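Input: a single structure, listed below in C-alpha cells.
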Amino acid sequence: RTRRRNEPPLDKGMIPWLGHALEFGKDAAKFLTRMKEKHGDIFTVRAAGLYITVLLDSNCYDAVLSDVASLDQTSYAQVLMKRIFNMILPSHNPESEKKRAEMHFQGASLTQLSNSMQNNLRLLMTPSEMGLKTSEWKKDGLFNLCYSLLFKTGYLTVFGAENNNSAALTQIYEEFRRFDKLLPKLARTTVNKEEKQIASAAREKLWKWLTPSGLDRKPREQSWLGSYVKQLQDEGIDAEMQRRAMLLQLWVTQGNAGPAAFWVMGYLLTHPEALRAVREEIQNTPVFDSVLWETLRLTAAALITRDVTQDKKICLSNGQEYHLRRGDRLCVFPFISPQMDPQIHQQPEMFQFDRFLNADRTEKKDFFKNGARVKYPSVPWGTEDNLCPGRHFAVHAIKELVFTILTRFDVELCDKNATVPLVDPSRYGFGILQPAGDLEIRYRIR
Ligand code: HEM
C-alpha cells in the first residue's frame with residue numbers, strides 16, 4: 001500500500017499486515033489520540049490487513065456521513081452481529097425497523113413507555129429489592145447498583161417480561177453482565193479460550209431465558225419488540241435466530257443507560273457543589289440537564305464505522321481536500337473531538353457540572369474551536385442523521401433513577417475522599433464507558 005495524491009497521512013505500524021490492530025483495540029481513545037497528535041484530524045491506519053481512515057474534524061462529520069451511496073453502515077453491522085451475537089439475518093430490511101425504533105421511542109409511545117418505566121423502577125426499589133431487610137445500611141458498588149436497577153427496569157419495560165420474578169431478573173442481569181463484559185473482546189476477536197467458552201455459555205443461557213418458549217404469551221405484534229419479532233418471522237428467520245436476536249435488542253436497549261446513571265451519581269457524590277445544586281433543584285431541570293450532558297461528554301464513546309464503497313473526495317474545515325479510497329473503512333470518533341477536545345472544552349478530563357450553563361443558569365450554546373462555531377459541542381447520541389432512537393427514553397430513565405436515589409435514600413461513599421474510578425479502556429468504541437473497578441457505597445432508606 002502506498003499513499004495516492006491527497007490521501008490522508010498513512011500509518012502502517014511495524015507489524016506486517018496486522019499493523020495497529022492490537023493497540024487500537026486495547027485502548028481506542030489512547031491510540032486515536034496518539035494518532036491525532038502525530039498526523040492531525042485525518043489519517044489512515046493499517047489494522048489486520050485493512051486500511052481505516054479516521055476523521056476527527058467534527059465540523060465535517062454530518063456532511064461526510066450523509067453520503068450513504070459512498071459510505072455503507074450495513075456490512076460492518078453484519079460483521080459485529082456475527083462476531084458478538086452469533087447472528088445472521090438474510091434478506092433483512094434494516095431501514096424499516098430503524099423507522100419503527102424512531103416512532104416507538106417518541107411521542108405518545110414514549111409517554112406510555114416512560115410511565116411503565118417509572119412504575120417498574122418503583123417495584124425494583126422496594127426495601128426488599130434494595131437488599132434492606134437485614135440492616136439499616138446496605139453496601140454495594142455504585143456501578144453495579146445503577147446498572148442492576150436500570151437493566152431490570154428497561155428489560156421489564158421494553159420486553160414486557162413480567163414472567164420473570166425478582167430472583168429470575170437478578171440471574172438474567174448477572175448473565176448479561178458476564179456477556180457484556182466480554183463483548184468488546186468478541187467484537188475484536190481478542191477472547192482467549194476460557195473467555196470464549198464463558199461468552200458462548202452466557203449467550204446460550206440468555207437465548208433460552210429471553211424467549212419464554214414454554215409459555216403461551218400471545219405476541220404483542222404492535223409493541224416495539226413484538227413488531228420486530230413479527231418482521232423476522234415474515235422475512236423467513238427461524239425460531240433459533242429469533243431467540244438470538246433478543247440478546248442483540250437487549251444489549252442495544254440496556255447496555256448504556258445504567259452505566260450512564262452510575263457516572264452521573266459518581267460525579268455528583270464526588271462533587272459537593274454539583275450535588276447541592278442538583279438536590280436544591282429537586283426541592284424544567286436546567287442544572288441536572290447540564291450535569292447529565294457533562295457526564296455524557298465524558299463517557300459516551302461510541303465509534304462510528306463505515307465501509308467506503310466508492311472513492312470519495314472530502315474537505316476539512318480549513319479547506320484541504322482528502323481522498324477516501326474504495327475498500328477502506330471510515331471511522332468517526334466524537335469522543336476525541338469535540339467531546340474531549342481541549343480546544344473546544346477547557347480541561348476536558350474534568351467534570352464541570354455547569355459546563356453547559358451560562359452565568360444566569362440559561363443553556364450555554366456558544367462553543368468555538370480556533371475562532372469557529374462548533375454546531376454540536378458533544379455528540380453522545382451519534383451524528384445528526386443517525387441518532388440513538390432511545391435517547392429521550394434513556395434520559396427519562398436516568399433522571400428517574402437519580403431523582404429516586406437522592407430523594408428516597410441516603411447514599412454515602414465508603415471512602416469519603418474517593419474520586420470516580422478510571423475507565424476500563426476496552427469500552428472505548430462501544431457506547432457508555434464502564435469503570436475499571438467500582439465506587440463502593442452504602443445506602444439506607446431515607
Ligand atoms: C446514555 C444512554 C444511551 C446512549 C449514549 C446511546 C447511544 C447510542 C448510539 C451512539 C447509537 C448509534 C449506534 C452506533 O453508531 O454504534 C445508538 C443506537 C441505538 N440505540 Fe441507543 N443509547 C443509549 C440508550 C438507549 C436506550 C435506553 C434505548 C432504548 C430503550 C436505545 C435504543 C437504541 C436503538 C434501538 C439503536 C439502533 C441500533 C441499530 O440500529 O443498530 N439506546 N444508541
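In the C-alpha cells, the first chain shown is A, the next is B, and so on; residue numbers restart at 1 for each chain, and ligands run from 1 in the order shown.
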
(request) Select the residues contacting ligand 1 at a distance of at most 8 Å, based on only C-alpha atoms and all ligand atoms, then format the selection as an MDAnalysis selection string. (result) chainID A and resid 77 94 97:98 101:102 105 154 158 249 252:261 296 300:305 380:383 386:395 397:398 429:432

(request) Might you pull out every residue within 12 Å of residue 27 (chain A), with only C-alpha atoms counted and same-chain residues fewer than 2 positions away left off, and present them as an NGL selection string? (result) :A and (20-25 or 29-34 or 184-185 or 188 or 301 or 423-430 or 433)

Using DSSP on the backbone, list every residue of region 33-155 of chain A that comes out as strand (DSSP E or B), and give them as a short mmCIF file (atom, residue, chain, number, x, y, z; two decimals) with N, CA, C and O atoms, in the first residue's frame.
data_model
loop_
_atom_site.label_atom_id
_atom_site.label_comp_id
_atom_site.auth_asym_id
_atom_site.auth_seq_id
_atom_site.Cartn_x
_atom_site.Cartn_y
_atom_site.Cartn_z
N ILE A 42 -7.08 13.90 10.28
CA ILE A 42 -7.40 12.78 9.40
C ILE A 42 -6.14 11.97 9.13
O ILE A 42 -5.07 12.54 8.89
N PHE A 43 -6.27 10.65 9.21
CA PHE A 43 -5.15 9.74 8.98
C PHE A 43 -5.72 8.36 8.68
O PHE A 43 -6.88 8.08 9.00
N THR A 44 -4.91 7.52 8.07
CA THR A 44 -5.30 6.17 7.70
C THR A 44 -4.39 5.21 8.44
O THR A 44 -3.16 5.35 8.39
N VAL A 45 -4.98 4.27 9.18
CA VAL A 45 -4.20 3.25 9.86
C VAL A 45 -4.43 1.87 9.26
O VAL A 45 -5.53 1.54 8.80
N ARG A 46 -3.36 1.08 9.25
CA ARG A 46 -3.44 -0.33 8.91
C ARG A 46 -3.82 -1.12 10.17
O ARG A 46 -3.25 -0.91 11.25
N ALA A 47 -4.78 -2.03 10.03
CA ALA A 47 -5.18 -2.92 11.12
C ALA A 47 -5.77 -4.20 10.54
O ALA A 47 -6.79 -4.16 9.87
N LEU A 50 -6.52 -4.40 6.75
CA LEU A 50 -7.47 -3.40 6.29
C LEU A 50 -6.90 -2.03 6.56
O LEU A 50 -6.09 -1.85 7.47
N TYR A 51 -7.34 -1.06 5.76
CA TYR A 51 -6.95 0.33 5.99
C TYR A 51 -8.14 1.15 6.43
O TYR A 51 -9.18 1.16 5.78
N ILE A 52 -7.98 1.79 7.58
CA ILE A 52 -9.05 2.53 8.22
C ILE A 52 -8.69 4.00 8.31
O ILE A 52 -7.76 4.39 9.03
N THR A 53 -9.43 4.82 7.58
CA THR A 53 -9.27 6.27 7.65
C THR A 53 -10.12 6.81 8.78
O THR A 53 -11.31 6.54 8.84
N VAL A 54 -9.49 7.57 9.67
CA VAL A 54 -10.17 8.16 10.82
C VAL A 54 -10.30 9.67 10.63
O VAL A 54 -9.33 10.35 10.26
N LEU A 55 -11.50 10.18 10.88
CA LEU A 55 -11.84 11.59 10.73
C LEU A 55 -12.25 12.14 12.08
O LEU A 55 -13.16 11.61 12.74
N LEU A 71 -20.81 5.47 1.49
CA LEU A 71 -20.44 5.03 2.83
C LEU A 71 -21.48 4.12 3.48
O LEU A 71 -22.51 4.58 3.96
N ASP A 72 -21.17 2.83 3.51
CA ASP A 72 -22.10 1.79 3.96
C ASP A 72 -21.93 1.46 5.44
O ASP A 72 -20.82 1.26 5.92
N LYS A 138 -26.94 -0.86 53.49
CA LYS A 138 -26.55 -1.89 52.56
C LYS A 138 -25.39 -1.39 51.71
O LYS A 138 -25.45 -0.29 51.15
N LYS A 139 -24.34 -2.21 51.63
CA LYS A 139 -23.14 -1.88 50.84
C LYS A 139 -23.26 -2.47 49.44
O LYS A 139 -23.72 -3.60 49.27
N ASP A 140 -22.84 -1.69 48.45
CA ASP A 140 -22.82 -2.13 47.06
C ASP A 140 -21.80 -1.31 46.27
O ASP A 140 -21.33 -0.27 46.73
N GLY A 141 -21.43 -1.80 45.09
CA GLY A 141 -20.77 -0.95 44.12
C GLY A 141 -21.83 -0.09 43.47
O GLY A 141 -22.91 -0.58 43.11
#

(request) Write out as a ChimeraX atom specification which residues come within 12 Å of residue 285 (chain A) when counting only C-alpha atoms, dropping same-chain ones fewer than 4 positions away. (result) /A:277-281,289-292,357,361-363,399,403

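In this model, the gap between CA of residue 241 (chain A) and CA of residue 88 (chain A) comes to 7.6 Å.
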
(request) Please return as a VMD selection string: the residues of region 218-292 of chain A that backbone DSSP assigns to alpha helix (DSSP H). (result) chain A and resid 224 to 234 239 to 254 257 to 269 272 to 282 286 to 292

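Nearest residue to residue 223 (chain A) among A:110, A:344, A:142, A:167 is A:110, counting only C-alpha atoms.
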
(request) Check the smallest atom-to-atom distance from each of A:37, A:194, A:385, A:349 to residue 67 (chain A) using only C-alpha atoms, then report the winner. (result) A:385
